[PDB]
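As a starting point, one isolated chain is supplied in structure tokens, in the form solved without this ligand.
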């Protein structure tokens, strides 16, 4: 990543073994559950494109997902090149193409040059956005259940049902009441409109 040193200059630092292991382990344990995306984003804080490829490339499983991700990245790269055509002046900085942002045709030094320029050409942040776009599609693809099929069991605590409901809604990216069981549905219908989730949860507790 690029970080501020103690003196206050923006310097490149090696990606840490702790960061590398954290990402690999979270993918092993959580696959593409929605909460993996904000973990990815936080673990890649200050990442160069090189770092971002490192993180993606260190994943051993899920190669169907990783191939879908490349497709998304290539679509975003092509759209970048459409909006940002490029024409080298000796010792000067060239303008990044899509594949330079994605780290496949740019060097680490070029990446550092862009990201620490004044003003910065934030190739790490641009690439991270494309990756997250791609990961969101994967999360939704691998979401196993429609919210229409999240219905409260006859003996299921309301809390547990609501957990399943909003878990599913998050992965999928009135119905809460309609899908409740008969006893809690009746209680919730008599709360009237504009009840908060807290009030519903209290009511069916």
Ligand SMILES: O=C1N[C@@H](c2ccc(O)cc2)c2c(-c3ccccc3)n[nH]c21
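Numbering follows the first chain given and starts at 1. What we label the rigid core is the largest C-alpha set whose atoms superpose within 1.5 Å from one form to the other.
Item checked: Rigid core superposition result in 5 other deposited structures of this protein, more deviant of 186-194, 10-18 by Cα -> With the rigid core fitted, 10-18 is the stretch that strays more in 5 other deposited structures of this protein.
Check: Where the other entries model residues on both sides, is residue 88 skipped in at least a third?
Finding: yes, residue 88 frequently unmodelled elsewhere, at least a third of entries.
Item checked: Interval residue 82-residue 83, deposited residues with no coordinates in the entry (none, 1 to 3, 4 to 9, 10 or more) -> Missing residues, residue 82 to residue 83: none.
Checklist line | Unmodelled stretch of the deposited sequence separating residue 173 from residue 174, binned as none, 1 to 3, 4 to 9 or 10 or more | finding: Missing in between: 10 or more residues.
Notebook entry, point to check: Looking at the deposited entry, does 60-68 or 152-160 carry the larger mean Cα B-factor?
Noted result: The deposited B-factors put 152-160 ahead on the C-alpha mean.
Next item on the list: Look over 74-82 and 130-138 in the entry and identify the one with the greater average Cα temperature factor.
Entry: Going by the record's values, the stretch with the higher mean is 74-82.
Margin query: Just to confirm, going by the entry's C-alpha B-factors, which of 108, 88, 101, 115 comes out highest?
Written below: Across 108, 88, 101, 115, the entry lists the biggest C-alpha B-factor for 88.
Item checked: Largest Cα B-factor, entry values, listed residues 11, 22, 184, 14 -> Going by the entry's C-alpha B-factors, 11 comes out highest.
Next item on the list: Within this chain's modelled residues, let me know which third the CA B factor of residue 46 belongs to: lowest, middle or highest.
Entry: According to the entry, residue 46 has a C-alpha B-factor in the chain's middle third.
Notebook entry, point to check: Is the Cα B-factor recorded for residue 54 in the lowest, middle or highest third of its chain?
Noted result: Lowest third - that is where residue 54 ends up once the chain's C-alpha B-factors are sorted.
Next item on the list: Going by the recorded CA B-factors, say which third of the chain residue 168 sits in, lowest, middle or highest.
Entry: CA B-factor rank for residue 168: lowest third.
Omitted from view is the form deposited with this ligand bound, to which the following refers.
Notebook entry, point to check: 70, 159, 151, 30: which sits within 4.5 Å of this ligand in the deposited bound form by any heavy atom?
Noted result: Selected residue: 70.
Note to self: If the cut-off is 4.5 angstroms on heavy atoms, which of these, 177, 141, 66, 45, is the one near this ligand in the deposited bound form?
What the structure shows: If I apply the 4.5 Å criterion carefully, the residue I get is 66.
Next item on the list: Decide whether residue 146 counts as a contact residue for this ligand in the deposited bound form under a heavy atom distance cut-off of 4.5 Å.
Entry: Although this ligand is absent here, residue 146 would stay clear of it in the deposited bound form, with no heavy atoms inside 4.5 Å.
Notebook entry, point to check: With the cut-off set at 4.5 Å between non-hydrogen atoms, does residue 116 touch this ligand in the deposited bound form?
Noted result: No, residue 116 is distant from the partner.
Note to self: Whether residue 103 contacts this ligand in the deposited bound form should be assessed with a 4.5 Å heavy atom distance threshold; does it?
What the structure shows: It does: once this ligand is placed as it appears in the deposited bound form, residue 103 has a heavy atom within 4.5 Å of it.
Next item on the list: Could you confirm whether residue 26 comes within 4.5 Å of this ligand in the deposited bound form, counting heavy atoms only?
Entry: Looking in the deposited bound form, residue contacts with this ligand do not include residue 26, since no heavy atom lies within 4.5 Å.
Margin query: Since the partner isn't included here, can you check whether this ligand sits close to all of 53, 57 and 74 in the deposited bound form (heavy atom within 4.5 Å for each)?
Written below: Affirmative, all three are within 4.5 Å.
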